[PDB]
Amino acid sequence: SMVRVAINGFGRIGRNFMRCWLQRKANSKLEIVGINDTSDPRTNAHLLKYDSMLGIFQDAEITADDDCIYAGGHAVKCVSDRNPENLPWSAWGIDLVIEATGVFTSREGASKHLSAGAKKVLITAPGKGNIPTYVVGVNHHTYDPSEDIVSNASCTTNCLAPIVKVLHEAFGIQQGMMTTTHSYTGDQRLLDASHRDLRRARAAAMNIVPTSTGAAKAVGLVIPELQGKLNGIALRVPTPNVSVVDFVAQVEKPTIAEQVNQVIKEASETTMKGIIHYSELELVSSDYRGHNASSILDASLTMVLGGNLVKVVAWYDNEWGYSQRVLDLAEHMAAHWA
Amino acid sequence: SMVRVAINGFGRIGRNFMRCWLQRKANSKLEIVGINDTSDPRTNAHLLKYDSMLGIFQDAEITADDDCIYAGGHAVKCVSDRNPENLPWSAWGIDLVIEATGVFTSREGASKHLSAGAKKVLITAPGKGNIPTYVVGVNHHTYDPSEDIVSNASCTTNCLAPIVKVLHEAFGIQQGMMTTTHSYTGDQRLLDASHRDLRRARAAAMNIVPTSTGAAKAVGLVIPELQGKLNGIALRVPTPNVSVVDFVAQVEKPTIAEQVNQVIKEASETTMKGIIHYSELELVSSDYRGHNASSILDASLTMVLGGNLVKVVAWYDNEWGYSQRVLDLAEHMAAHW
Amino acid sequence: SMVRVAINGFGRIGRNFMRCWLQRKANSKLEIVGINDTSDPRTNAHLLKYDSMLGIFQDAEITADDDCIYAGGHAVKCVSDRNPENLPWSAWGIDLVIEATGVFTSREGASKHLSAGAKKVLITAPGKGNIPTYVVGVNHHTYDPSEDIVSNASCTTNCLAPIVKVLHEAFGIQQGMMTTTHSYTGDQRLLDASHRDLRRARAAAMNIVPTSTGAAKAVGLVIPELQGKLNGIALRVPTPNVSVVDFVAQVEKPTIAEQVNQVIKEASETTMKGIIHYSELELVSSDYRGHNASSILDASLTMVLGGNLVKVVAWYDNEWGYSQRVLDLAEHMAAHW
Amino acid sequence: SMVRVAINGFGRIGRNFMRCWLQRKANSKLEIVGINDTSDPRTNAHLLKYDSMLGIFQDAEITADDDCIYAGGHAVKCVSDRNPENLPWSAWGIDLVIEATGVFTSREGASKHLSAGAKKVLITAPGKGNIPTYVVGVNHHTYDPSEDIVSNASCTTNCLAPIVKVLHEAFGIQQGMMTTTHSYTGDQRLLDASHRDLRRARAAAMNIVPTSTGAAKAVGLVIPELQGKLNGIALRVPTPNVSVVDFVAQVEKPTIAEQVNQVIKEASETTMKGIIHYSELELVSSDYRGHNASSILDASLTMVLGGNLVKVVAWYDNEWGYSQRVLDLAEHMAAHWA
Ligand SMILES: NC(=O)c1ccc[n+]([C@@H]2O[C@H](COP(=O)([O-])OP(=O)(O)OC[C@H]3O[C@@H](n4cnc5c(N)ncnc54)[C@H](O)[C@@H]3O)[C@@H](O)[C@H]2O)c1
Ligand SMILES: NC(=O)c1ccc[n+]([C@@H]2O[C@H](COP(=O)([O-])OP(=O)(O)OC[C@H]3O[C@@H](n4cnc5c(N)ncnc54)[C@H](O)[C@@H]3O)[C@@H](O)[C@H]2O)c1
Ligand SMILES: NC(=O)c1ccc[n+]([C@@H]2O[C@H](COP(=O)([O-])OP(=O)(O)OC[C@H]3O[C@@H](n4cnc5c(N)ncnc54)[C@H](O)[C@@H]3O)[C@@H](O)[C@H]2O)c1
Ligand SMILES: NC(=O)c1ccc[n+]([C@@H]2O[C@H](COP(=O)([O-])OP(=O)(O)OC[C@H]3O[C@@H](n4cnc5c(N)ncnc54)[C@H](O)[C@@H]3O)[C@@H](O)[C@H]2O)c1
């Protein structure tokens, strides 16, 4: 029967994950039964229903009272405690925690859910220290059922890794540089304010803001042959969702743009179906809102020089497309549960 | 003889105040000697110098070490403690604390700076409970030197009150409604997230966000005859700075637009000089960045119906113009200490 | 028996109207058979389908060739001529032209479609000179079948008029002031550039831009008792769609907020059903995208002072909601042809 | 004595060029004596003074009447005719026309100023057909005084070329890929509307909008050895000014990031002084508003992989920094006038 899931942190990814699940609920081995977050159920039900990015939730009615959120008559219990050791995970029979607060990404932090009584934790971010990292359609079939804490990597990693995997197998990637032009996120400031990163301190909707990203090194964890071969940066720009990666590879087998495109297109129809989408259309970021693929290759931006320098460009919905992946990873753990 | 000032909360208002003071430093009875804020001096020196709104600070070099910010060789001591009772105000000889955190606006909260040793507190926001409230050019000459905690009201109140005072004296305001179309502030969320106010919870740069404001009631505290006669709302919109108030008054003496304009123009040249500016130009918000006035009356938007229903519209730089007024209030307290 | 419609100007309103019609196509007495626009059918089919505001059109497939757009197998003929006298309206048997270019709003301009052979014109904007003006749910039942050129007013007028009509009938409006805080439109510039209006010349997504509006005077054309009693302004702000009107009325019968709210709620359930929606929710602009009502009253912002000064605030999707009303006006003309 | 200049097209670049000149007026061999534009002098004086990006012009008073704009008592004559053959260039003794309309970039278009009586034209954009192209600090000393029509290339080309020139000379560029994350410009639409380019048709302040750029191929015109070796794209994003280029080169001489940085820094102090600025600061786009350099290298984003794959990142103020270059090219033509 059902794997009982709790969401810790009812943020952009927490609530996108909940909306993904509510739309895939008839096929699922998961049942979302609890939420912990720093605010109350009435606030959270309001935000779950009224989303500036996704619009008004249509499929089912959403209400709340002092201790539950109700979404189509399914009652989701709510609690509010910043310290996960205190959570009622044993009492609610929680099997799997979706860890989406952004502050419990190390094994020591995420373990406190295990102390509270949960059996497994899926971190919706890169892990700190050695937490196994999975990207669906790249390495998720290597999942080991005895693992109690996993990571679903970052949005950028989920866009980049499948593309790198297709190219590496067809051409042999020797080295690779990435830049993601990425929507701002809640980690940045609305107006100039203190932050650990002096660039992220700056008014996010007024600026182009460079920042580091672990996505390119993290690709080497999910494609171990490429460990150390990729590097990259991010530019945060004044859009609220939808991001784009630009990837430039030095490859071994000499090629041209038409063949790079053909190889990706062929993978998008077969081995990476549902993960990579191949687009020949002349679209912009708003058109990819709500797209279910991890990466949408923009085929007419592909270019190659001298045989060996290859550039591809791919879109991703960093909230929604990532949340669909978290749900897929979760369903996969549910189907291989021990 | 210099009044020693500490800034508590080195945010948009705290740092705007500091820049205002650094530019008026030769005339001043204040000396900023300390800052308390939740982050460190290097971060704060970087933010003081590199401002998305004001630009790069030009006049003087700004550096920092582990415990000071240096702004043109003037050393400003820094500490970092969330609880103001712990602050070293007696040890630094602090006379006046500029309370700019947004979280110590009641008397009980602001009094903790007095417990820590400061002699007076100027809150950069409306006071909760009865804290005397001053708007420079409206009632600051009623300031009483024995008051230990005061409020400089909100940016919106500083824009609205002087205009109300001029109109009330010329025409007799019986009732009035305000809407401010206001730049977003740090109090709102960048992307939809939890907040006390369900509207402020929503992505600030993507939405028009209505929200309540006490600015219209607060005008009744600084013009006591109008207590209970005014009300209003705010609309937060996707600009980072510069705001506009739209005020509709029911007045006693019948009038027309040209006369309403003339009365405010006259006050802008005499009693409200430096507080109200009168503009006949067709300008937009970005042209008011850095403006020193509390209100800039946009004269061609003035309209009157039926003699008695009067609408005026006025701009304000909610960060800079307000901070100039905090500095003026502070210099006034300094002069009457 | 179908009324054959051509769209002149396939802009934001033209394409919103087309999408509105494609979704209400089974109930309709209209058939859209032609489009004239300054660009070509492939470009226009791409823009019809891929909309930054409405999203990707889902219901039906949309394709194009050199001379038609196809939307669910329905073929819409396309031509491209700036001068409406040259248009092939007799050759296409056009009954009704939806005039959405923004440049043929006088009778002389709109009459050129009649010269070209159309039998009637519905202008998607206020008329210049005396063109009969209709607001659905306020005066559309006064439409006279012999009129050959009509106006559906502006988005702001469609939001304001129904609320004014309800309030006037319950309390007696003596005078009223409006400000609309309005999304930018294609009429403004992306970056500072030449324009007839020096304010609209300025970068629209960086500024609050005041501008005049005839919406408040135009309410007097559709509620003739209020002619000359209303005035207002607009503030354009950096959102791409969804607008809000703030209306302050001086009324004859003394009242309070709860009663003003109740009267509008009651009208929203009966006489203004589908035209005014009454909302008690704490929502922001992006939540009103796609709303079908002409006005959405935001009930908790309602305030009253002194019995007689009443403020209400109402939302409108200026592209979609307005286009639903153009379609309703058109269906009404169709039913009375 | 003075070269008499007219500005055709009083747009973002036309008015930025005018403000650059008003601030460098005491040193100059140019005198701006006329403007042609599609609107009137009162509108244009208003826009010259009140700028959403540059702020209120401070140095001098600016007024207008029916036929002049006055800027500090200097009277600039104004006319308004879309067709440059009709312009009064002989009657005003115009030597040099700054062609900033964006619509007269071919030799046939720009020549009509010569028919009207001007002696030379400087196009503030890439030329169409063979118009000599100059980038100050890369090839402007090759200027030939007998040329009657020239191009000052694009903003992106002025940022990229000097950097490519420094790298090519130190490491030998074999191939190179560029992406510019670029502020929107007046060429894009405010809300979705018809455009020759289906991506630029889309609401510029709401979208990330890919688009082609000739900047990378144009580098091969100013550095002829690299002709055919560079390619690239642009992403337009919702900021109104300030842009960033990300350049990834395959080089011949193996290197590391510290040495790439050192070479650029050394050029910024010597041969490219005033053209390339080397920044070690953690800044964002708004901080580079008004910067006079063509390219500001963001040194801590530099990275190298495998010796031969080099990535650098540089900022530019696409309006102001480009306009300073146009003024420099003009002053250079003035000092070598025939
Ligand atoms: N584009 C994206 O937004 C994106 C994509 C992929 C991964 N991620 C990652 O997902 C995680 C969450 O990101 P987000 O964008 O939802 O941020 P967010 O700030 O919207 O969500 C964080 C939520 O957790 C709550 N929270 C914080 N501390 C808590 C605690 N101690 N206990 C309970 N709740 C707490 C916050 O109030 C908020 O509701 C981060 O790790 C982020 O790196 C984000
Ligand atoms: N337009 C405006 O921004 C504006 C105008 C007028 C008045 N105000 C008022 O000024 C005050 C601050 O506004 P802001 O816009 O500067 O906010 P902000 O968040 O930018 O500034 C608050 C600063 O204080 C710090 N802080 C928070 N808690 C603290 C504590 N316990 N101890 C020390 N520092 C702490 C924050 O880290 C930040 O540096 C508020 O009362 C606000 O309502 C703001
Ligand atoms: N919020 C709104 O957008 C809104 C709301 C209500 C009413 N309106 C009114 O609707 C009308 C159009 O507004 P819009 O926002 O759709 O503008 P828009 O610029 O998007 O649309 C105008 C369309 O007509 C085309 N056009 C221009 N001249 C033409 C000609 N001579 N012949 C054929 N086509 C021509 C343009 O190329 C464009 O496709 C205006 O009268 C406007 O005031 C707009
Ligand atoms: N970032 C930038 O803005 C940038 C940087 C480098 C180069 N450029 C290039 O500079 C040129 C102008 O760009 P811009 O951003 O100033 O655009 P813009 O639209 O602001 O300026 C064009 C000006 O010329 C006017 N105009 C158009 N046709 C005309 C005609 N036939 N006669 C007279 N005036 C006419 C327009 O009204 C406008 O004032 C373009 O060629 C552009 O590619 C732009």
# chains A, B, ... in the order shown; residues from 1 in each chain; ligands from 1

call {"tool": "residues_near_ligand", "arguments": {"ligand": "ligand 2", "cutoff": "9 Å", "atoms": "only C-alpha atoms and all ligand atoms", "output": "ChimeraX atom specification"}}
result
/A:191-194 /B:8-16,35-39,44,80-84,99-105,123-126,152-156,158,182-187,241-243,317-323

call {"tool": "select_by_dssp", "arguments": {"residues": "region 59-262 of chain C", "states": "strand (DSSP E or B)", "output": "ChimeraX atom specification"}}
result
/C:62-64,68-71,74-79,96-99,106,120-123,128,133,149-151,173-183,209-212,230-237,243-251

call {"tool": "select_by_dssp", "arguments": {"residues": "region 160-201 of chain C", "states": "helix (DSSP H, G or I)", "output": "PyMOL selection string"}}
result
chain C and resi 160-171

call {"tool": "residues_near_ligand", "arguments": {"ligand": "ligand 1", "cutoff": "8 Å", "atoms": "only C-alpha atoms and all ligand atoms", "output": "short mmCIF file (atom, residue, chain, number, x, y, z; two decimals) with C-alpha atoms, in the first residue's frame"}}
result
data_model
loop_
_atom_site.label_atom_id
_atom_site.label_comp_id
_atom_site.auth_asym_id
_atom_site.auth_seq_id
_atom_site.Cartn_x
_atom_site.Cartn_y
_atom_site.Cartn_z
CA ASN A 8 9.07 19.75 5.40
CA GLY A 9 9.15 23.37 4.10
CA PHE A 10 6.02 24.46 2.22
CA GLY A 11 7.90 26.90 -0.10
CA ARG A 12 8.00 27.28 -3.88
CA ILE A 13 9.28 23.70 -4.32
CA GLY A 14 7.16 22.31 -1.46
CA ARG A 15 3.93 23.72 -2.89
CA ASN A 36 5.62 21.09 8.50
CA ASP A 37 6.39 24.71 7.82
CA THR A 38 7.14 27.91 9.71
CA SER A 39 3.70 29.36 9.09
CA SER A 80 4.96 24.18 12.74
CA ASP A 81 8.36 23.52 14.32
CA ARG A 82 11.69 24.71 13.02
CA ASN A 83 13.60 21.88 14.65
CA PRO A 84 12.95 18.58 12.82
CA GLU A 99 13.02 17.98 2.61
CA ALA A 100 12.40 21.38 0.93
CA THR A 101 13.43 23.97 3.49
CA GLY A 102 16.83 24.52 2.03
CA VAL A 103 18.52 24.34 5.51
CA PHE A 104 18.85 20.58 6.16
CA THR A 105 20.97 19.45 3.22
CA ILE A 123 16.38 16.41 -0.19
CA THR A 124 15.13 18.81 -2.90
CA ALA A 125 18.59 20.31 -3.41
CA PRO A 126 22.16 19.19 -3.75
CA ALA A 153 20.25 17.65 -7.10
CA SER A 154 19.37 21.16 -8.33
CA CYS A 155 17.07 22.39 -11.14
CA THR A 156 20.11 23.30 -13.25
CA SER A 183 15.22 33.27 -12.87
CA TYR A 184 15.58 34.88 -9.48
CA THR A 185 14.67 32.72 -6.47
CA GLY A 186 13.69 33.27 -2.82
CA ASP A 187 17.33 32.95 -1.76
CA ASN A 241 10.51 31.53 -13.16
CA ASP A 317 10.96 25.44 -15.70
CA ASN A 318 13.04 25.53 -12.52
CA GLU A 319 10.06 25.23 -10.20
CA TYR A 322 12.15 20.21 -11.03
CA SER A 323 9.12 19.37 -8.83
CA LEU B 191 8.35 35.28 -4.61
CA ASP B 192 5.07 34.05 -2.97
CA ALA B 193 5.96 33.13 0.64
CA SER B 194 4.56 33.24 4.12
#

call {"tool": "interface_residues", "arguments": {"of": "chain D", "to": "chain A", "cutoff": "6 Å", "atoms": "only C-alpha atoms", "output": "short mmCIF file (atom, residue, chain, number, x, y, z; two decimals) with N, CA, C and O atoms, in the first residue's frame"}}
result
data_model
loop_
_atom_site.label_atom_id
_atom_site.label_comp_id
_atom_site.auth_asym_id
_atom_site.auth_seq_id
_atom_site.Cartn_x
_atom_site.Cartn_y
_atom_site.Cartn_z
N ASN D 207 10.19 38.42 -20.42
CA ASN D 207 10.74 37.25 -21.01
C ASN D 207 12.23 37.24 -21.11
O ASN D 207 12.88 38.29 -21.17
N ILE D 208 12.76 36.02 -21.13
CA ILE D 208 14.10 35.82 -21.64
C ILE D 208 13.89 35.44 -23.07
O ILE D 208 13.13 34.52 -23.34
N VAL D 209 14.53 36.19 -23.97
CA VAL D 209 14.32 36.19 -25.42
C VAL D 209 15.64 35.96 -26.14
O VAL D 209 16.48 36.89 -26.31
N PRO D 238 14.98 41.11 -18.96
CA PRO D 238 14.24 42.25 -18.48
C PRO D 238 14.97 43.28 -17.64
O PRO D 238 14.51 43.62 -16.55
N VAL D 284 27.09 43.89 -9.42
CA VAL D 284 26.00 43.43 -10.30
C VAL D 284 25.77 44.49 -11.35
O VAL D 284 26.38 45.56 -11.28
N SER D 285 24.83 44.25 -12.28
CA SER D 285 24.66 45.07 -13.41
C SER D 285 24.42 46.57 -13.08
O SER D 285 25.01 47.43 -13.71
#

call {"tool": "interface_residues", "arguments": {"of": "chain C", "to": "chain B", "cutoff": "8 Å", "atoms": "only C-alpha atoms", "output": "ChimeraX atom specification"}}
result
/C:175-177,181,198-199,202,206-210,229-231,233,237-239,248,250,282-286,301,303,305-306,309,311

call {"tool": "atom_distance", "arguments": {"atom1": "CA of residue 17 (chain B)", "atom2": "CA of residue 57 (chain D)"}}
result
24.9 Å

call {"tool": "residues_around", "arguments": {"residues": "residue 266 (chain C)", "least_positions_apart": "6", "cutoff": "10 Å", "atoms": "only C-alpha atoms", "output": "list in words"}}
result
residues 166, 272, 273 and 278 of chain C

call {"tool": "closest_residue", "arguments": {"among": "B:141, B:49, B:4, B:29", "to": "chain D", "atoms": "only C-alpha atoms"}}
result
B:49

call {"tool": "closest_residue", "arguments": {"among": "B:189, B:74, B:168, B:107", "to": "chain A", "atoms": "only C-alpha atoms"}}
result
B:189

call {"tool": "residues_around", "arguments": {"residues": "residue 68 (chain A)", "least_positions_apart": "2", "cutoff": "7 Å", "atoms": "only C-alpha atoms", "output": "MDAnalysis selection string"}}
result
chainID A and resid 41 64:66 70 75:78

call {"tool": "residues_around", "arguments": {"residues": "residue 268 (chain A)", "least_positions_apart": "2", "cutoff": "10 Å", "atoms": "only C-alpha atoms", "output": "NGL selection string"}}
result
:A and (162-163 or 166 or 262-266 or 270-278 or 295-297)

call {"tool": "write_last_selection", "arguments": {"atoms": "N, CA and C atoms", "output": "PDB file, in the first residue's frame"}}
result
ATOM      1  N   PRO A 162      21.000  15.454 -18.317  1.00  0.00           N
ATOM      2  CA  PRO A 162      20.566  14.551 -19.384  1.00  0.00           C
ATOM      3  C   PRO A 162      21.171  14.891 -20.723  1.00  0.00           C
ATOM      4  N   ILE A 163      21.302  16.187 -20.991  1.00  0.00           N
ATOM      5  CA  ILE A 163      21.953  16.639 -22.225  1.00  0.00           C
ATOM      6  C   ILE A 163      23.418  16.234 -22.304  1.00  0.00           C
ATOM      7  N   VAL A 166      23.632  12.521 -23.084  1.00  0.00           N
ATOM      8  CA  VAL A 166      23.467  12.212 -24.499  1.00  0.00           C
ATOM      9  C   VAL A 166      24.683  12.626 -25.310  1.00  0.00           C
ATOM     10  N   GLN A 262      20.451  16.019 -34.316  1.00  0.00           N
ATOM     11  CA  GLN A 262      19.847  14.727 -34.623  1.00  0.00           C
ATOM     12  C   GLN A 262      20.014  13.697 -33.465  1.00  0.00           C
ATOM     13  N   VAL A 263      21.211  13.618 -32.903  1.00  0.00           N
ATOM     14  CA  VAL A 263      21.451  12.787 -31.748  1.00  0.00           C
ATOM     15  C   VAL A 263      20.548  13.143 -30.563  1.00  0.00           C
ATOM     16  N   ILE A 264      20.384  14.439 -30.265  1.00  0.00           N
ATOM     17  CA  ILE A 264      19.489  14.798 -29.135  1.00  0.00           C
ATOM     18  C   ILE A 264      18.035  14.501 -29.414  1.00  0.00           C
ATOM     19  N   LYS A 265      17.629  14.794 -30.646  1.00  0.00           N
ATOM     20  CA  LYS A 265      16.276  14.519 -31.055  1.00  0.00           C
ATOM     21  C   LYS A 265      15.995  13.008 -30.926  1.00  0.00           C
ATOM     22  N   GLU A 266      16.948  12.195 -31.340  1.00  0.00           N
ATOM     23  CA  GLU A 266      16.738  10.760 -31.296  1.00  0.00           C
ATOM     24  C   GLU A 266      16.644  10.310 -29.846  1.00  0.00           C
ATOM     25  N   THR A 270      13.416   8.408 -27.514  1.00  0.00           N
ATOM     26  CA  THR A 270      13.666   7.053 -27.026  1.00  0.00           C
ATOM     27  C   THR A 270      14.166   7.046 -25.586  1.00  0.00           C
ATOM     28  N   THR A 271      15.466   6.996 -25.369  1.00  0.00           N
ATOM     29  CA  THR A 271      15.981   6.802 -24.038  1.00  0.00           C
ATOM     30  C   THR A 271      15.671   7.940 -23.078  1.00  0.00           C
ATOM     31  N   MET A 272      15.471   9.176 -23.565  1.00  0.00           N
ATOM     32  CA  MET A 272      15.246  10.342 -22.674  1.00  0.00           C
ATOM     33  C   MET A 272      13.842  10.911 -22.854  1.00  0.00           C
ATOM     34  N   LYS A 273      12.958  10.105 -23.407  1.00  0.00           N
ATOM     35  CA  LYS A 273      11.579  10.545 -23.628  1.00  0.00           C
ATOM     36  C   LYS A 273      10.983  11.019 -22.327  1.00  0.00           C
ATOM     37  N   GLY A 274      10.291  12.164 -22.320  1.00  0.00           N
ATOM     38  CA  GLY A 274       9.744  12.699 -21.068  1.00  0.00           C
ATOM     39  C   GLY A 274      10.794  13.437 -20.239  1.00  0.00           C
ATOM     40  N   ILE A 275      12.076  13.274 -20.542  1.00  0.00           N
ATOM     41  CA  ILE A 275      13.110  13.977 -19.799  1.00  0.00           C
ATOM     42  C   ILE A 275      13.653  15.155 -20.655  1.00  0.00           C
ATOM     43  N   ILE A 276      14.074  14.877 -21.885  1.00  0.00           N
ATOM     44  CA  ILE A 276      14.535  15.902 -22.798  1.00  0.00           C
ATOM     45  C   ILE A 276      13.436  16.070 -23.817  1.00  0.00           C
ATOM     46  N   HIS A 277      13.058  17.324 -24.075  1.00  0.00           N
ATOM     47  CA  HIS A 277      12.150  17.654 -25.163  1.00  0.00           C
ATOM     48  C   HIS A 277      12.956  18.465 -26.223  1.00  0.00           C
ATOM     49  N   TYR A 278      12.690  18.164 -27.488  1.00  0.00           N
ATOM     50  CA  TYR A 278      13.402  18.753 -28.593  1.00  0.00           C
ATOM     51  C   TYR A 278      12.452  19.717 -29.221  1.00  0.00           C
ATOM     52  N   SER A 295      14.621  19.347 -19.523  1.00  0.00           N
ATOM     53  CA  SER A 295      15.388  20.167 -20.463  1.00  0.00           C
ATOM     54  C   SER A 295      14.663  20.219 -21.787  1.00  0.00           C
ATOM     55  N   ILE A 296      14.508  21.425 -22.270  1.00  0.00           N
ATOM     56  CA  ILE A 296      13.954  21.618 -23.609  1.00  0.00           C
ATOM     57  C   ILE A 296      15.061  22.215 -24.488  1.00  0.00           C
ATOM     58  N   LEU A 297      15.550  21.415 -25.427  1.00  0.00           N
ATOM     59  CA  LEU A 297      16.599  21.814 -26.283  1.00  0.00           C
ATOM     60  C   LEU A 297      16.024  22.743 -27.315  1.00  0.00           C
TER      61      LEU A 297
END
